[PDB]
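*Asks:* Just so you know, the sequences run in chain order A and B. Numbering-wise (our numbering), the first sequence opens with residue 24 and increments by one. Numbering-wise (our numbering), the second sequence opens with residue 734 and increments by one. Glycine included, each C-beta is placed from N, C-alpha and C at the ideal position. Structure incoming, see below.
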Amino acid sequence: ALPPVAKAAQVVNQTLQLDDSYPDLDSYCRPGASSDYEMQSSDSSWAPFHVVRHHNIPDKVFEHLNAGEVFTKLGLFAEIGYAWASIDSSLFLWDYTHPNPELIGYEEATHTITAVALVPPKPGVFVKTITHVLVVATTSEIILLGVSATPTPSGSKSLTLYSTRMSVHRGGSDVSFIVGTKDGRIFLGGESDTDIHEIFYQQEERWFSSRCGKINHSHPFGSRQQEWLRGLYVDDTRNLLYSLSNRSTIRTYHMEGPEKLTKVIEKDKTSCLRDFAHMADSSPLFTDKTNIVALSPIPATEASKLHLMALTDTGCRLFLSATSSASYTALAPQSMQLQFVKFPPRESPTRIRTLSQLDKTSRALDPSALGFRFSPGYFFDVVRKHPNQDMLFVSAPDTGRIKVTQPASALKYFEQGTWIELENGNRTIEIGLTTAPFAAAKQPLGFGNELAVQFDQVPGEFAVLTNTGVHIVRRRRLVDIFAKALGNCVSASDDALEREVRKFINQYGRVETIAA
Amino acid sequence: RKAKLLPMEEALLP
Numbered sequence: 024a025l026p027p028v029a030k031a032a033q034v035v036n037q038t039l040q041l042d043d044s045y046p047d048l049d050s051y052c053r054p055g056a057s058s059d060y061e062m063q064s065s066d067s068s069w070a071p072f073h074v075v076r077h078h079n080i081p082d083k084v085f086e087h088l089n090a091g092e093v094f095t096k097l098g099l100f101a102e103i104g105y106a107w108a109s110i111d112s113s114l115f116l117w118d119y120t121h122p123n124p125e126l127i128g129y130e131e132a133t134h135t136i137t138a139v140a141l142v143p144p145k146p147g148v149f150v151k152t153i154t155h156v157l158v159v160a161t162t163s164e165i166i167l168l169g170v171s172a173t174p175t176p177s178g179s180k181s182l183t184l185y186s187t188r189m190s191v192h193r194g195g196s197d198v199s200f201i202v203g204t205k206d207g208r209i210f211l212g213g214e215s216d217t218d219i220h221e222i223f224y225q226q227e228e229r230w231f232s233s234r235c236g237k238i239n240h241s242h243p244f245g246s247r248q249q250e251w252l253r254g255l256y257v258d259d260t261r262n263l264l265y266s267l268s269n270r271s272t273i274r275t276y277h278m279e280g281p282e283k284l285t286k287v288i289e290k291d292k293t294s295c296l297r298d299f300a301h302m303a304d305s306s307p308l309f310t311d312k313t314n315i316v317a318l319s320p321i322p323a324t325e326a327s328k329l330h331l332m333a334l335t336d337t338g339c340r341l342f343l344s345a346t347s348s349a350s351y352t353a354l355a356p357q358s359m360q361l362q363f364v365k366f367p368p369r370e371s372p373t374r375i376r377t378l379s380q381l382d383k384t385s386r387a388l389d390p391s392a393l394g395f396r397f398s399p400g401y402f403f404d405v406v407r408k409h410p411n412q413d414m415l416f417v418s419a420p421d422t423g424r425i426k427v428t429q430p431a432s433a434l435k436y437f438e439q440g441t442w443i444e445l446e447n448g449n450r451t452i453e454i455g456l457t458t459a460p461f462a463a464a465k466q467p468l469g470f471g472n473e474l475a476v477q478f479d480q481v482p483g484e485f486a487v488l489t490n491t492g493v494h495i496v497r498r499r500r501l502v503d504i505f506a507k508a509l510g511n512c513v514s515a516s517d518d519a520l521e522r523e524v525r526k527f528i529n530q531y532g533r534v535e536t537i538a539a
Numbered sequence: 734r735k736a737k738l739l740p741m742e743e744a745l746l747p
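Given below as structure tokens:
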């Protein structure tokens with residue numbers, strides 16, 4: 024009754040639905056806590072990440088850096104494969120993928136540069152060939168430059184700069200953090216206070232309005248205690264903006280319009296600690312002495328409830344939900360609550376290979392100085408136990424185990440982890456994604472299915488900027504691990520393969536293993 | 734080498 028190709032198409036349709044039923048983040052990070060890790064040696068074929076190459080800082084940048092009179096700073100434009108260095112009032116960009124790069128110098132600025140960022144342009148403003156806007160903040164003003172990052176035959180963007188006549192006086196508030204939205208909105212913050220500013224700009228000059236303006240969205244007044252920002256974070260999928268303060272206060276702002284920004288949540292460390300105390304498992308790794316060192320937004324495509332990850336200096340990952348009071352009038356949330364905690368692993372890095380309760384006391388990630396999360400959960404933590412050498416903890420969801428876990432009530436935040444050692448003197452500065460953002464589906468269910476996209480998009484790669492160079496870290500897929508493991512079985516017995524294969528079956532299941 | 738800054742005329746339309 025039903026011919027071959029139609030029968031096989033039925034199998035495809037049911038297989039597509041099976042891959043798109045991969046558990047969403049909310050489902051395996053339910054209220055509670057977890058310490059589930061399988062640690063892998065960095066030199067192992069089972070390593071979830073590994074360093075593929077490194078790019079030294081050009082010698083000319085070292086000449087300028089050591090010629091610094093007062094202030095210097097480094098940063099990453101990982102989206103286009105560029106890095107930058109500021110020396111006092113001078114800025115230098117370069118393509119770090121190029122073996123002998125030329126330095127793009129920009130020295131028009133009159134005062135010390137305090138922040139630099141590469142953001143999308145405002146639509147309908149610039150010629151289509153302008154791909155980005157370069158924001159340069161000094162102690163006196165903020166400067167906008169047009170950017171065209173067109174790809175070259177070699178695979179590294181060609182960068183040319185355009186003047187704009189767009190600039191505004193800074194004012195009294197320091198600018199150390201610049202972030203941009205998908206639509207080209209530019210937000211500013213710094214180390215003077217917790218105020219958030221926005222830069223507006225338009226093509227036409229008017230007699231009653233300049234081409235470029237600046238406004239303070241915080242509208243402060245009266246008595247104000249000392250407090251400033253540690254970072255700004257954007258989530259376009261929810262039209263939200265987050266700030267982290269030096270007191271570990273998390274503020275949430277909603278973009279109710281193309282020119283509006285409204286503060287909708289303010290959650291201090293005490294509130295986080297109160298939520299934590301109401302959880303079943305309390306821990307000495309999170310107290311009133313603990314600092315939150317970084318935030319990472321979680322987009323709505325990845326999870327409905329969990330909006331935000333917060334990293335403590337003890338290495339705890341705090342996952343916070345946010346909820347609106349109502350269901351209709353984007354809808355702004357009005358509450359934020361600490362729901363789930365991923366506690367640190369226990370295994371420390373070792374030169375020699377060393378040999379079920381919730382582990383809520385590990386110090387392996389203490390102190391955590393910098394932290395980053397990328398969908399579907401790739402986690403980088405800069406652990407600074409010693410003041411000269413950084414250790415990099417890198418982990419990923421155990422996609423294979425999460426996909427096979429049954430029933431749904433048994434789902435936990437299983438992870439594969441590893442330690443990547445940086446040489447003595449390497450101080451990590453920034454980590455950015457070099458490939459396209461990960462997404463296996465368009466909604467939380469199916470979103471995190473790494474297995475499904477092994478052959479549709481290249482493995483994620485991450486540029487780790489240090490004070491000596493840029494290191495490229497690459498995510499390894501099942502097929503990469505399987506191929507590497509088999510490569511070690513080439514010189515062994517019939518039973519040597521069967522043993523290695525059984526490791527894969529016990530983690531990924533038989534079908535996924537045979538498919539690899 | 735100081736980067737050549739092409740003019741605003743090309744940059745913004747129309």
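1) Specify the secondary structure class of residue 746/B as computed by DSSP and reduced to three states.
2) Looking at C-beta atoms only, is the number of pairs between the stretch 77–92 of chain A and the stretch 525–533 of chain A that lie closer than 8 angstroms three or more?
3) Is the separation between the beta-carbon of residue 453/A and that of residue 203/A shorter than 8 angstroms?
4) Does residue 308/A have its Cβ less than 8 angstroms from a Cβ in chain B?
5) Please name the residue or residues paired with residue 498/A in a DSSP beta bridge.
6) On a CA-only basis, which of 45/A, 481/A, 196/A, 360/A is nearest residue 295/A? Give me that one, please.
7) Would you mind sorting residue 230/A into buried or exposed? The rule is 16 or more other CB atoms within 10 Å of its CB.
8) Please name the residues in the stretch 186–216 of chain A whose beta-carbon is closer than 9 angstroms to at least one beta-carbon of chain B, in chain order.
9) Helix, strand or coil: how does DSSP classify residue 428/A here?
10) Would you check if there are 3 or more beta carbon pairs closer than 8 angstroms linking the stretch 118–126 of chain A to the stretch 178–187 of chain A?
11) Using DSSP bridges, identify the partner residues of residue 235/A.
12) Check whether chain B comes within 8 angstroms of residue 265/A, counting only Cβ atoms and requiring the distance to be less than that.
13) Hey, residue 499/A and residue 70/A are a contact pair by Cβ (cut 8 angstroms); roughly how many whole angstroms apart?
14) Identify whether residue 78/A lies in helix, strand or coil by the three-state DSSP scheme.
15) With 16 as the cutoff for other CB atoms within 10 Å, does residue 373/A come out buried or exposed?
16) Considering only C-alpha positions, which residue in the set 236/A, 228/A, 206/A is nearest to residue 194/A?
17) When burial is assigned at 16 or more other CB atoms within 10 Å of the CB, is residue 448/A buried or exposed?
18) Going by C-alpha distance, which of 457/A, 222/A, 466/A is nearest residue 480/A?
19) Give me the subset of the stretch 143–177 of chain A whose CB atoms are less than 7 angstroms from a CB atom of chain B, sorted by chain position.
20) Please say whether residue 129/A and residue 182/A have beta carbons closer to each other than 8 angstroms?
21) Are the CB atoms of residue 157/A and residue 141/A within a distance shorter than 8 angstroms?
22) My output table needs one value for residue 454/A: the three-state DSSP class, helix, strand or coil.
23) Quick one: what's got a C-beta closer than 6 angstroms to residue 256/A's C-beta in the same chain, skipping five residues either side?
24) Measuring only between beta-carbons, confirm whether residue 129/A sits less than 8 angstroms from chain B.
25) For the stretch 106–133 of chain A, enumerate the residues whose C-beta is nearer than 9 angstroms to any C-beta of chain B, in chain order.
26) May I have a chain-ordered list of the alpha helix (DSSP H) segments no shorter than 4 residues that lie completely inside the stretch 283–321 of chain A?
27) Please name the residue or residues paired with residue 369/A in a DSSP beta bridge.
28) Starting from residue 183/A, trace the beta strand (DSSP E) in both directions and tell me its first and last residue.
29) Out of 64/A, 398/A, 438/A, which one is the CA nearest neighbour of residue 332/A?
*Replies:* Taking the geometry as given:
1) coil
2) no
3) no
4) no
5) 72/A
6) 360/A
7) exposed
8) 186, 187, 188, 189
9) In the structure shown, residue 428/A adopts coil according to DSSP, grouped into three states.
10) yes
11) 224/A
12) no
13) 6 angstroms
14) strand
15) exposed
16) 236/A
17) Of the residues assessed, residue 448/A falls on the exposed side of the cut-off, its CB having fewer than 16 other CB atoms within 10 angstroms.
18) 457/A
19) 148, 149, 150, 153, 169
20) no
21) yes
22) strand
23) 265, 318, 320
24) yes
25) 116, 125, 126, 127, 128, 129, 130, 131
26) 292–301
27) None; residue 369/A has no bridge partner.
28) Under the DSSP assignment, residue 183/A falls in the beta strand (DSSP E) whose first and last residues are 181–185.
29) 398/A
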